Amino acid sequence: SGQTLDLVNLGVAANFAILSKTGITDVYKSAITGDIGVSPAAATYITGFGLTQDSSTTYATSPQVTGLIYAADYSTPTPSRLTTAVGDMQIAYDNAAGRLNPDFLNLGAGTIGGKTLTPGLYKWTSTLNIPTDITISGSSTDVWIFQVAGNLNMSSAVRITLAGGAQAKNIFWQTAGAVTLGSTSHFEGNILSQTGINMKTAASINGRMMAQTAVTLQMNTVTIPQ
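Along each chain, residues carry numbers from 1 upward in sequence order, and these need not match the entry's numbering; residues missing coordinates do not appear. Computation of side-chain values covers all heavy atoms of the structure but excludes hydrogens and water.

Method of determination, as annotated in the archive: X-ray crystallography, at 1.399 Å resolution.

1. Looking at the side chain of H186
Selection criterion: For helices the rule is a DSSP run of H or I covering at least 4 residues; for strands it is a run of E covering at least 2, with both sets numbered from the N terminus onward. Residue burial is assigned from relative accessible area. The probe radius is 1.4 Å, only protein chains are included, and a residue is buried under 20% of its type maximum, exposed over 50%, and partly exposed in between. Identification of polar contacts relies on pairs of N or O atoms within 3.5 Å, with a donor-acceptor requirement for protein atoms, meaning one able to donate a hydrogen and the other able to accept it, and with residues adjacent in sequence counted only if both atoms are side-chain atoms. In what follows, a contact means two residues having at least one pair of non-hydrogen atoms within 4.5 Å.
If you trace the backbone, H186 turns up in strand β18 (residues 186–193). Assessed through its relative accessible area of 9%, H186 is described here as buried. Reaching out from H186, the side chain makes a polar contact with the side chain of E188 at a distance of 2.7 Å. Apart from the residues lying within four places of it in its own chain, the contact partners of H186 are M154, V158, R159, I160, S204, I205 and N206.

2. Quick look at the sheet that holds strand β11 (residues 128–130)
This is how the line gets drawn: A pair of strands counts as paired when DSSP detects no fewer than two bridges linking them.
Judged by pairing direction, the sheet is parallel, and its seven strands sit side by side in the order β5-β2-β21-β19-β17-β14-β11 without closing on themselves. What marks the edges here is a single partner per strand, and that holds for β5 (46–47) and β11. In this sheet, β5 lies alongside strand β2 (residues 23–27) in parallel orientation, the contact comprising two bridges. Along β5, the bridge assignment pairs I24 with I46.

3. Let's talk about the packing of aromatic side chains
To describe a pair of aromatic rings, one takes the distance between the centres and the angle between the planes. Note the following rule: What counts as a ring pair is set by centres within 6.5 Å for rings of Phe, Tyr and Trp (its six-membered ring), and what kind of pair is set by the plane angle: stacked under 30 degrees, edge-to-face over 60, tilted for all other angles. In our convention, an over-ring charge means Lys NZ or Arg CZ found within 6 Å of a ring centre and within 35 degrees of that ring's normal.
According to the stated counting rule, one finds eight aromatic pairs in the structure shown. Ring centres of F16 and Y70 lie 6.3 Å apart, and the angle between their planes is 85°; on these two criteria the pair is classed as edge-to-face. One end of the pair, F16, is in strand β1 (residues 16–20); the other, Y70, is in strand β7 (residues 69–71), and 54 residues separate them in sequence. Of the two residues examined, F16 and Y70, each falls in the buried class. By the ring-pair criterion, three or more aromatic residues cluster together here, those being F104, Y122, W124, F146, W173 and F187. Note that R81 overlies the ring of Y70, its terminal NZ or CZ placed 6.0 Å from the centroid.

Okay, structure coming up:
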């Protein structure tokens with residue numbers, strides 16, 4: 001009973017703070033909590049992590065990651081598990097993009113600085129810009145799905161706050177274009193990008209970065225929920 005809008009099922013992708021298809025580019029010293037993976041690209045497309053594969057052929061380690069690094073060219077079970085994960089990313093993406101009967105349509109005509117986002121399903125038939133702080137407000141069990149037919153841009157220093165008990169694990173952002181999060185910004189939620197997700201210097205996120213191209217980082221704090 002209660003809110004009718006169902007969660008997006010991430011499948012095995014839920015086990016990653018970052019998952020992409022073509023690569024992960026890191027510069028400076030990031031602090032990632034949770035696992036990171038890339039498929040079908042190989043581990044050579046994970047750059048900047050000081051990656052060491054000294055003990056397992058199934059994973060690698062980095063001083064920047066409280067977690068493990070997985071790539072398509074590692075040994076069993078990693079390739080098959082990454083293919084599954086990526087396939088579940090795709091499914092989740094389509095699942096988020098395909099919800100109907102939105103509660104909010106073209107809120108702010110595509111620029112939502114200063115708004116309080118109450119629960120439910122949001123659609124923009126355009127790029128979405130977040131140039132000033134926003135609040136996501138609702139219960140600890142409520143769901144938000146944000147459908148973006150364009151890029152998702154959040155400005156430097158912008159903070160997404162959570163009111164009422166809203167949780168990051170229950171928030172999903174689906175973007176047909178790239179996501180770009182500005183220096184020192186703070187984001188909340190799962191991001192399902194059809195292309196890239198790019199964070200700039202000292203930005204932070206509580207959530208997941210699931211990109212169907214590449215993710216780029218610059219001294220970011222990325223923390224998987226729970």
